[PDB]
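In what follows, a single structure is set out as structure tokens and then discussed.
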Amino acid sequence: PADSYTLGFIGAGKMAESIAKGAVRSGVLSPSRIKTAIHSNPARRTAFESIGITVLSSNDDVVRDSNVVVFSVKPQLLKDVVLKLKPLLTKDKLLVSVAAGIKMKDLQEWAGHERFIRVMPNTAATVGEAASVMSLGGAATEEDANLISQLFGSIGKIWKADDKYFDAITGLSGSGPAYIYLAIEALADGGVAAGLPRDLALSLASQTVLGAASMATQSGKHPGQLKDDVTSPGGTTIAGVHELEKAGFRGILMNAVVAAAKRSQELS
Amino acid sequence: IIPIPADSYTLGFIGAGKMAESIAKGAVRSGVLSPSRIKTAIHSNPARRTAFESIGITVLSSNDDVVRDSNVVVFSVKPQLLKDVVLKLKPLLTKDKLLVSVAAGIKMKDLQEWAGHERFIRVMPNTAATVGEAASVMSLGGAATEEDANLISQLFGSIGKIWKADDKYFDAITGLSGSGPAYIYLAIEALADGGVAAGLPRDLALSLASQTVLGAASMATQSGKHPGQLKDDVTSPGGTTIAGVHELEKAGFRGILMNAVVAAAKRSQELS
Amino acid sequence: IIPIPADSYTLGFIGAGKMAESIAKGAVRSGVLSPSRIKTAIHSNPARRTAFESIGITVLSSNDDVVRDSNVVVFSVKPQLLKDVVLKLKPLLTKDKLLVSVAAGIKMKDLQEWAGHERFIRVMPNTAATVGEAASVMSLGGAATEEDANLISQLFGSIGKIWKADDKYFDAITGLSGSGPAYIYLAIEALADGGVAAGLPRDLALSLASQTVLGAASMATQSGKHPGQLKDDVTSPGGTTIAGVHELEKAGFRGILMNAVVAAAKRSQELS
Amino acid sequence: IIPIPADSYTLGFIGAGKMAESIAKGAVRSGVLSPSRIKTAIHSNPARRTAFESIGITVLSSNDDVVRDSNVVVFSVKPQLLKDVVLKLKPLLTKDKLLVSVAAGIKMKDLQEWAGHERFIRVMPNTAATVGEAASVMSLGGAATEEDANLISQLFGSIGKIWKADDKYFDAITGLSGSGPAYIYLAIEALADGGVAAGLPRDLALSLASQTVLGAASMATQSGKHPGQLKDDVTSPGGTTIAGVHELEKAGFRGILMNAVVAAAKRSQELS
Ligand SMILES: [Cl-]
Ligand SMILES: [Cl-]
Ligand SMILES: [Cl-]
Ligand SMILES: [Cl-]
């Protein structure tokens, strides 16, 4: 039903909006094939209506009218929401959760069936550059997985992974953007420290990060090869790299991923 | 100094390396100009010849002929070779031709002395020109006009973003946008290593690392927000992200990156 | 639970220490209360008696009489003494009287158990109550009404700013706003020492340090800007400010402050 | 050198930037000056024009006319531009006019040489002038009178606190009160980040951070106590505050701040 399927969003937050916008913009879905439900927030109703999507008055009606249901409510609220909708969550409907930290075992127990996909996107869904990972429930089919890959492909990239990896993933793709935000600010501060105007420094920092990551994503090269490509003999770049290595830069980043992943596990 | 005709100028590349090829490809692909308006010269490199010919560009046998036939000349030879190349061409570098250098570390004062005139623009692109995401900066010689600058904006816009700055900033720029990609390549590797340390398969860890960095930078470039606001947006109370961020801070992560920029900039100054 | 009369309620302080004095002075100075509407009890301390009497407040001879005559009772005895004080008063702590605790580290669950009812508000002020610049947070007991909260907001608004938070945040609040002033006192002394190290006279260095900190915090409070944006506003290219900031970052200054808040919060939990 | 009429002097701003605006607003708001006694000149810049006009101040078309019409002339152009601005105005800078520079890093010796006379006061305000909480210091040229100084005390008192110091201290003052606000902006962000690390919501953490810093500085400015005494006042035995302080001390927090001031001061001297 991939071509004509109806998608329903339970939870009308930013992630749902990003998905909806991405799918419409990429032609995966038309707005008439999407529904959401909102209560008592005007800004959010307007967000969906302004892209041509119908906002219904209840979660129940969104589920009834949807082949695929995406849950994006706050993780702490999800169990009760799925609970309440359970009679309507028939096995013919593919359920998807984007809730951070909620395992597949639990999603399946709450819904009462295993036709469930978990996707963990990250913050960059907003600009269509999410790093997402999906895990499949016990009854999710290969076709269900392709549908979801096509849907989340509209907001970034998507990879498959076993549910047991999702803590670590959270420490890397989930939390990693913050590490890069710090890097970007620090690079701009560095520019300014070196005598650059602040606006130029920040512009350059952000676009430098973007370009390097683009090289990494497109080049097919190991990052060490990419580093080798730009480190001319005795040049400026190696001088900067050397400072990084003196400080144990790589290990600091390893430490951040490990700590975030451990925190993820502790938070359950 | 006659204005360069914006819609019909011809472009000549002296130096037929990867940056030239990126600029030429980009400019043709983006419709800035058609291959028939572009010339390069290549001496006994049939591989580089094929690269230019295969996008519809005429390869001439001499630098001299490229310059004669061109309103705008882009010099992308290795920096160490640029002086002699400009001195040899000098009689042909008349003031009606806009000259551009992409050579790293060569200051405008020198370009102008070598050429004998001031109708010269300097651009410093970076390695991401290969994927059309360069961070470039341009500085204007004493006779380069606003219209010259715009012509160059539109040309280097094809390989990434381009900003203007005074030539005196170019050492610091070199340390930030020129060198910065290597800092990010390290960061990507380290993030991947970290993923693996936390139990992730390597291919997934590397895929996620690169795309996480790409996404965050895309947020920074598009959101209109300060990076501190972006960080605040993703750091939930007592959550995983703030745990990771705290580790960064404990270690002085920001100051490490500042140190790298400052060092690279200082090296740039040293190298002249 | 009868509403407390917003314009005419009487306020009683059990515990006549500095915080009580600051609240009383603040409320009188701001016109929230007149001194005739405030009572306290002081057993053998003519110094504290003088402090209250000198601002027009009646000092009674027993806690019991303060409670009987008061609609709102503020407990500000030392935290280790509070349980026994509340237990002794319990027969008088009828549900028509709003109880307030400013005791550090005593949770709402305990306050309510001791008093035998839930018409209780907990506040954690900080030391700057003495100059009307407290950072205070309040948490509501299970029977405290919105009107009770507003009454307390107004009262603690007389000595600084007051925010509302769930009692589960109070360890962390204790580590930040409760303990934070000491971190800033260190910072002020260190800034002054740094001024002197740079050649300034001591009185000027200390004056400048305090006022620099005051001014910056005032900018932070009033500007509506993120602190990163504020920092960007003052860091001129290659200038003195960024030189100083770079030193902070090399040393992991930010992480150190994060560590102090975390440690203090952890200690608060430990002492629970 | 005729005395500047204390109650009726006219004030002229050469440079219409943010600092000039803060001074003008402050002096008007505080009743030191009426807007009709203030002039500025804005050339080719309407946003600045609106800022001054919207507080009742006449914007003239030339620096020359501002100088002619003013008893006191405040120079607040970018430091790099000040020399040429003063040289151009020099014929109009008669010894009956009190000259004032707020330019960072420009020494009195230079101001006096450029103007050709010594009836000059230098002030170094800081960024908190925007909120009336500048830390400012003044130094007197060789012909500035005590009455000139008092006039400038009153004028800069309207945007914060103002002290007097010998010109030789100004590099250190620049590293402390000029640059210091950035150190505190970092501190505020870090304290907020720490609160989030400890489980606080971001908005509360930032609000608490800022107000904690404000309060502590207010305690320092008003209490008449040494910062060490203030620290002792809030460090209860084995309590949360001393646990946080201990973490700061383990990390050498005070030394880090000293380093920042020293580095900023050294940079100031370096920049001349
Ligand atoms: Cl290099
Ligand atoms: Cl998080
Ligand atoms: Cl500065
Ligand atoms: Cl304490």
Side-chain angles (χ1 to χ4, degrees), chain A residues 7-26 28-29 31 34-56 59 62 66 68-78 81 96-102 117-134 148 151-158 169-170 173-178 180-181, chain B residues 211-212 214-237 239-242, chain C residues 226, chain D residues 196 201-203:
Chain A
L7 176 64
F9 288 100
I10 301 299
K14 305 222 155 176
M15 182 59 60
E17 182 185 4
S18 294
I19 297 162
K21 274 173 76 171
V24 169
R25 162 202 69 72
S26 75
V28 171
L29 281 154
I34 305 173
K35 304 276 175 297
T36 187
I38 300 121
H39 165 81
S40 252
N41 247 57
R44 203 96 311 254
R45 175 179 288 274
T46 298
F48 283 84
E49 288 183 346
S50 79
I51 126 200
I53 294 169
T54 301
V55 179
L56 306 173
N59 288 352
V62 170
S66 301
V68 178
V69 178
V70 174
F71 296 96
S72 71
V73 297
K74 224 176 228 188
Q76 306 77 24
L77 303 176
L78 182 56
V81 162
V96 181
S97 170
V98 301
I102 305 305
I117 289 171
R118 174 185 180 185
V119 173
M120 203 166 106
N122 70 0
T123 192
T126 295
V127 295
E129 292 295 353
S132 296
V133 188
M134 81 164 85
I148 296 315
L151 184 59
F152 283 79
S154 90
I155 56 162
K157 298 291 192 275
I158 183 149
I169 290 163
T170 298
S173 58
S175 298
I180 302 307
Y181 300 147
Chain B
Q211 182 66 33
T212 298
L214 176 57
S218 302
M219 293 288 280
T221 59
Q222 299 185 43
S223 64
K225 288 173 176 184
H226 193 277
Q229 300 176 305
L230 290 169
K231 174 263 295 165
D232 285 0
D233 290 349
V234 296
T235 41
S236 297
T240 65
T241 303
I242 195 72
Chain C
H226 192 278
Chain D
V196 176
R202 171 64 65 182
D203 295 343

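Chain letters run A, B, ... following the sequence lines, proteins first, then strands; residues in each count from 1. These numbers come from the heavy atoms of this one structure, side chains and all, not from hydrogens, waters or symmetry mates.
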inquiry  = Checking A/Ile53 against A/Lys35 for the side chain to side chain contact (heavy atoms under 4.5 Å, CB included) test, could you report, in this order, the C-alpha distance in whole Å, the side-chain angles of both residues, the deciding distance, and whether it holds?
reply    = CA-CA 6 Å; A/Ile53 294 169; A/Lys35 304 276 175 297; 5.6 Å; no

Least distance between heavy atoms, A/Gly22 atom then A/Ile155 atom = CA-CG2, 4.4 Å

ask   = Does the side chain of A/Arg45 come within less than 4.5 Å of A/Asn41's, by heavy atoms?
value = no

A/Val68 side chain reached by A/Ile148 side chain, heavy atoms, under 4.5 Å = yes

query = Any side-chain heavy-atom pair from A/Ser97 and A/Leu78 closer than 4.5 angstrom?
reply = yes

message = Once salt bridge (charged side-chain N to carboxylate O under 4.0 Å, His left out) is applied, what residue pairs with a partner in residues 118-129 of chain A remain, sequence neighbours excluded?
response = A/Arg118-A/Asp163

request  = Start with the C-alpha gap between A/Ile10 and A/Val70, add the side-chain angles, then the distance that decides, and say whether side chain to side chain contact (heavy atoms under 4.5 Å, CB included) holds.
outcome  = CA-CA 6 Å; A/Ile10 301 299; A/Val70 174; over 6 Å; no

key: Note, A/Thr170 side chain near B/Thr241 side chain (heavy atom, < 4.5 Å)   = no

key: pair A/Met120-A/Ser132: side-chain heavy atoms closer than 4.5 Å   = no

request  = Compare every heavy atom of A/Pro75 with every heavy atom of A/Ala99, then report the nearest pair and how far apart it is.
outcome  = CB-CA, 4.2 Å

message = Using every non-hydrogen atom in the two residues, find where A/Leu151 and A/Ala23 come nearest and quote the distance to one decimal.
response = CD1-CB, 3.7 Å

key: Spatial distance of atom CG (B/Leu214) from atom CE (B/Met219) [nearest 0.5 Å]   = 12.0 Å

remark   = All heavy atoms of A/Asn59 vs all of A/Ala37, minimum pair found to be OD1-CB, 3.6 Å

query = Nearest 0.5 Å, what's the CG-CD1 distance between A/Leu7 and A/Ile34?
reply = 5.5 Å

Any residue meeting side-chain contact (heavy atoms from CB on, under 4.5 Å) with A/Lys14, in chain and number order, not counting sequence neighbours = none

ask   = Looking just at side-chain N and O atoms, do B/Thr240 and A/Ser175 make a donor-acceptor pair shorter than 3.5 Å?
value = yes

remark   = Residues passing the salt bridge (charged side-chain N to carboxylate O under 4.0 Å, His left out) test with D/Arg202, sequence neighbours excluded, are B/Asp232, D/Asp193

query = Does CG in D/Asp203 sit with more than 12 non-hydrogen atoms of other residues, nucleotides or ligands closer than 6.0 Å?
reply = no

key: A/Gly8 to A/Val62 - nearest heavy-atom pair and separation   = CA-CG1, 3.6 Å

inquiry  = Does any part of the side chain of A/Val133, heavy atoms only, come nearer than 4.5 Å to the side chain of A/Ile158, both counted from C-beta?
reply    = no

query = With sequence neighbours left out, what residues match A/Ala12 under side-chain contact (heavy atoms from CB on, under 4.5 Å)?
reply = A/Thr36, A/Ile38, A/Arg44, A/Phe48

Closest non-hydrogen atom pair, A/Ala131 against A/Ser173 = CB-CB, 4.0 Å

ask   = Taking C-beta and beyond as the side chain, do A/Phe71 and A/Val96 meet within less than 4.5 Å on heavy atoms?
value = no

Counterpart residues, side-chain contact (heavy atoms from CB on, under 4.5 Å), relative to B/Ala216 (two or more places apart) = A/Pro177, A/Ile180, A/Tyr181

inquiry  = Within this structure, what is the OG-CG distance for the pair A/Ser154 and A/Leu29, rounded to the nearest 0.5 Å?
reply    = 8.0 Å

ask   = Among all residues two or more places apart in sequence or in another chain, which pass the side-chain contact (heavy atoms from CB on, under 4.5 Å) test with B/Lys225?
value = B/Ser223, B/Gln229, B/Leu230, B/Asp233

